[PDB]
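J.: See model_26.pdb below, with PDB, C-alpha atoms and all ligand atoms.
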ATOM      1  CA  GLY A  95      31.052 -74.606 -23.508  1.00  0.00           C
ATOM      2  CA  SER A  96      32.942 -74.005 -26.746  1.00  0.00           C
ATOM      3  CA  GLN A  97      36.465 -74.237 -25.246  1.00  0.00           C
ATOM      4  CA  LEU A  98      38.472 -77.330 -24.137  1.00  0.00           C
ATOM      5  CA  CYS A  99      39.880 -75.330 -21.252  1.00  0.00           C
ATOM      6  CA  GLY A 100      37.237 -72.627 -20.937  1.00  0.00           C
ATOM      7  CA  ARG A 101      38.667 -70.547 -18.193  1.00  0.00           C
ATOM      8  CA  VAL A 102      37.623 -66.945 -18.868  1.00  0.00           C
ATOM      9  CA  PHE A 103      39.796 -63.999 -17.909  1.00  0.00           C
ATOM     10  CA  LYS A 104      39.208 -61.072 -15.548  1.00  0.00           C
ATOM     11  CA  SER A 105      40.559 -57.595 -16.291  1.00  0.00           C
ATOM     12  CA  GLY A 106      44.230 -57.403 -15.369  1.00  0.00           C
ATOM     13  CA  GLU A 107      44.697 -61.157 -15.680  1.00  0.00           C
ATOM     14  CA  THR A 108      48.096 -62.433 -16.811  1.00  0.00           C
ATOM     15  CA  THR A 109      47.920 -64.651 -19.919  1.00  0.00           C
ATOM     16  CA  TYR A 110      50.586 -66.094 -22.256  1.00  0.00           C
ATOM     17  CA  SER A 111      51.128 -66.223 -25.964  1.00  0.00           C
ATOM     18  CA  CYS A 112      53.891 -68.116 -27.784  1.00  0.00           C
ATOM     19  CA  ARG A 113      55.785 -66.141 -30.434  1.00  0.00           C
ATOM     20  CA  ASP A 114      56.982 -69.382 -32.057  1.00  0.00           C
ATOM     21  CA  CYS A 115      53.646 -71.223 -32.351  1.00  0.00           C
ATOM     22  CA  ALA A 116      50.736 -68.744 -32.014  1.00  0.00           C
ATOM     23  CA  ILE A 117      48.976 -67.712 -35.235  1.00  0.00           C
ATOM     24  CA  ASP A 118      49.051 -64.144 -33.820  1.00  0.00           C
ATOM     25  CA  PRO A 119      49.508 -62.427 -30.372  1.00  0.00           C
ATOM     26  CA  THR A 120      45.764 -62.619 -29.610  1.00  0.00           C
ATOM     27  CA  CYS A 121      46.164 -66.439 -29.492  1.00  0.00           C
ATOM     28  CA  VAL A 122      46.571 -66.804 -25.794  1.00  0.00           C
ATOM     29  CA  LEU A 123      46.824 -69.417 -23.027  1.00  0.00           C
ATOM     30  CA  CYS A 124      45.885 -69.343 -19.306  1.00  0.00           C
ATOM     31  CA  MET A 125      48.791 -69.653 -16.857  1.00  0.00           C
ATOM     32  CA  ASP A 126      47.937 -73.253 -15.928  1.00  0.00           C
ATOM     33  CA  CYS A 127      47.672 -74.438 -19.538  1.00  0.00           C
ATOM     34  CA  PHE A 128      50.815 -72.469 -20.464  1.00  0.00           C
ATOM     35  CA  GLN A 129      52.914 -73.892 -17.604  1.00  0.00           C
ATOM     36  CA  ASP A 130      51.773 -77.415 -18.638  1.00  0.00           C
ATOM     37  CA  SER A 131      52.600 -77.148 -22.405  1.00  0.00           C
ATOM     38  CA  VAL A 132      55.588 -77.219 -24.848  1.00  0.00           C
ATOM     39  CA  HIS A 133      55.475 -73.397 -25.065  1.00  0.00           C
ATOM     40  CA  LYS A 134      57.053 -72.858 -21.635  1.00  0.00           C
ATOM     41  CA  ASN A 135      60.399 -73.666 -23.395  1.00  0.00           C
ATOM     42  CA  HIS A 136      59.695 -71.391 -26.430  1.00  0.00           C
ATOM     43  CA  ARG A 137      59.821 -67.588 -27.123  1.00  0.00           C
ATOM     44  CA  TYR A 138      56.717 -66.735 -25.097  1.00  0.00           C
ATOM     45  CA  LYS A 139      55.213 -63.332 -24.269  1.00  0.00           C
ATOM     46  CA  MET A 140      53.041 -62.353 -21.336  1.00  0.00           C
ATOM     47  CA  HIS A 141      49.881 -60.335 -21.961  1.00  0.00           C
ATOM     48  CA  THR A 142      47.703 -58.633 -19.351  1.00  0.00           C
ATOM     49  CA  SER A 143      44.076 -59.233 -20.386  1.00  0.00           C
ATOM     50  CA  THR A 144      41.844 -56.152 -20.416  1.00  0.00           C
ATOM     51  CA  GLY A 145      39.015 -58.487 -19.294  1.00  0.00           C
ATOM     52  CA  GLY A 146      36.404 -60.703 -20.985  1.00  0.00           C
ATOM     53  CA  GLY A 147      38.793 -62.960 -22.981  1.00  0.00           C
ATOM     54  CA  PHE A 148      39.233 -66.744 -22.792  1.00  0.00           C
ATOM     55  CA  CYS A 149      41.928 -69.459 -22.962  1.00  0.00           C
ATOM     56  CA  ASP A 150      42.734 -70.811 -26.437  1.00  0.00           C
ATOM     57  CA  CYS A 151      44.010 -74.203 -25.282  1.00  0.00           C
ATOM     58  CA  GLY A 152      43.100 -76.865 -27.799  1.00  0.00           C
ATOM     59  CA  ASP A 153      42.046 -74.362 -30.471  1.00  0.00           C
ATOM     60  CA  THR A 154      43.621 -76.274 -33.281  1.00  0.00           C
ATOM     61  CA  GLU A 155      43.154 -73.292 -35.651  1.00  0.00           C
ATOM     62  CA  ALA A 156      45.137 -71.025 -33.251  1.00  0.00           C
ATOM     63  CA  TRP A 157      48.518 -72.807 -32.934  1.00  0.00           C
ATOM     64  CA  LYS A 158      50.903 -74.003 -35.696  1.00  0.00           C
ATOM     65  CA  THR A 159      52.353 -76.486 -33.232  1.00  0.00           C
ATOM     66  CA  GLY A 160      51.390 -77.760 -29.732  1.00  0.00           C
ATOM     67  CA  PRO A 161      47.689 -76.772 -29.617  1.00  0.00           C
ATOM     68  CA  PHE A 162      46.909 -78.704 -26.353  1.00  0.00           C
ATOM     69  CA  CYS A 163      48.584 -78.649 -22.905  1.00  0.00           C
ATOM     70  CA  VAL A 164      49.249 -82.064 -21.247  1.00  0.00           C
ATOM     71  CA  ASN A 165      46.052 -81.686 -19.084  1.00  0.00           C
ATOM     72  CA  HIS A 166      43.751 -81.095 -22.143  1.00  0.00           C
ATOM     73  CA  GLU A 167      45.791 -83.493 -24.235  1.00  0.00           C
TER      74      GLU A 167
HETATM   75 ZN    ZN B   1      43.598 -72.916 -20.236  1.00  0.00          ZN
HETATM   76 ZN    ZN B   2      45.013 -76.709 -21.520  1.00  0.00          ZN
HETATM   77 ZN    ZN B   3      55.421 -72.548 -28.829  1.00  0.00          ZN
END
Would you put the structure from the file into structure tokens?
Ligand SMILES: [Zn+2]
Ligand SMILES: [Zn+2]
Ligand SMILES: [Zn+2]
T.:
Amino acid sequence: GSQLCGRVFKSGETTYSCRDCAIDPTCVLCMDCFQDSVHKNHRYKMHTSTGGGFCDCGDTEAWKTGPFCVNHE
């Protein structure tokens, strides 16, 4: 698939963005990537997915800083 992580979200699924590093609030991380990245110590915001979205881990165009969790790099 296109995504390093490539978990895809159900409706109602909790996801995270980072207000410090995300290009915009639609740049989003799955809970497992989030909890394994530098952003867990930043100004993060939780978003409830409306369904159909996907994790942006390792999207190097989506993060000013810290684009990969430890698991995906
Ligand atoms: Zn992920
Ligand atoms: Zn990841
Ligand atoms: Zn951050």
J.: Can you list what the PyMOL selection byres (((chain A and resi 152) around 10) and not hetatm) grabs from this structure, as number ranges by chain?
T.: A: 97-100, 123, 127, 149-151, 153-157, 160-163, 166-167
J.: For residue 106 (chain A), which of A:135, A:142, A:129, A:120 is the closest residue, counting all atoms listed in the file?
T.: A:142
J.: Chain A near ligand ZN 3 (chain B) within 10 Å: what's each residue's closest atom pair and its distance in Å to one decimal, counting all atoms listed in the file, ordered by chain then ascending residue number, as CSV?
T.:
residue,atom,partner,partner_atom,distance
A:111,CA,B:ZN3,ZN,8.2
A:112,CA,B:ZN3,ZN,4.8
A:113,CA,B:ZN3,ZN,6.6
A:114,CA,B:ZN3,ZN,4.8
A:115,CA,B:ZN3,ZN,4.2
A:116,CA,B:ZN3,ZN,6.8
A:128,CA,B:ZN3,ZN,9.5
A:131,CA,B:ZN3,ZN,8.4
A:132,CA,B:ZN3,ZN,6.1
A:133,CA,B:ZN3,ZN,3.9
A:134,CA,B:ZN3,ZN,7.4
A:135,CA,B:ZN3,ZN,7.5
A:136,CA,B:ZN3,ZN,5.0
A:137,CA,B:ZN3,ZN,6.8
A:138,CA,B:ZN3,ZN,7.0
A:157,CA,B:ZN3,ZN,8.0
A:158,CA,B:ZN3,ZN,8.3
A:159,CA,B:ZN3,ZN,6.7
A:160,CA,B:ZN3,ZN,6.7
A:161,CA,B:ZN3,ZN,8.8
J.: Given the choices A:118, A:95, A:126, A:146, which gets closest to ligand ZN 2 (chain B) if the distance is worked out from only C-alpha atoms and all ligand atoms?
T.: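 Using only C-alpha atoms and all ligand atoms, the shortest distance to ligand ZN 2 (chain B) belongs to A:126.
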J.: Which residues match the PyMOL selection byres (((chain A and resi 110) around 6) and not hetatm) in the file above, as JSON, numbers by chain?
T.: {"A": [109, 111, 122, 123, 139, 140, 141]}
J.: Quick check, in Å to one decimal: how far apart do CA of residue 107 (chain A) and CA of residue 164 (chain A) lie?
T.: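 If I compute the distance from CA of residue 107 (chain A) to CA of residue 164 (chain A), I get 22.1 Å.
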J.: Starting from 5 Å padding per side, set up an axis-aligned box that covers all listed atoms of region 125-140 of chain A and hand over centre and edge lengths in Å, one decimal, as JSON.
T.:
{"center_x": 54.0, "center_y": -69.9, "center_z": -21.5, "size_x": 22.7, "size_y": 25.1, "size_z": 21.2}
J.: Using all atoms listed in the file, which of A:143, A:96, A:125, A:102 sits nearest ligand ZN 2 (chain B)?
T.: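 Counting all atoms listed in the file, the residue closest to ligand ZN 2 (chain B) is A:125.
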J.: Would you be able to write out as a PyMOL selection string which residues have an atom within 7 Å of (36.3, -58.1, -14.2) in the file's coordinates, counting all atoms listed in the file?
T.: chain A and resi 104-105+145
J.: Here is a test: counting all atoms listed in the file, which residue of A:117, A:103, A:124, A:108 is nearest to ligand ZN 1 (chain B)?
T.: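 For ligand ZN 1 (chain B), the nearest of the given residues is A:124.
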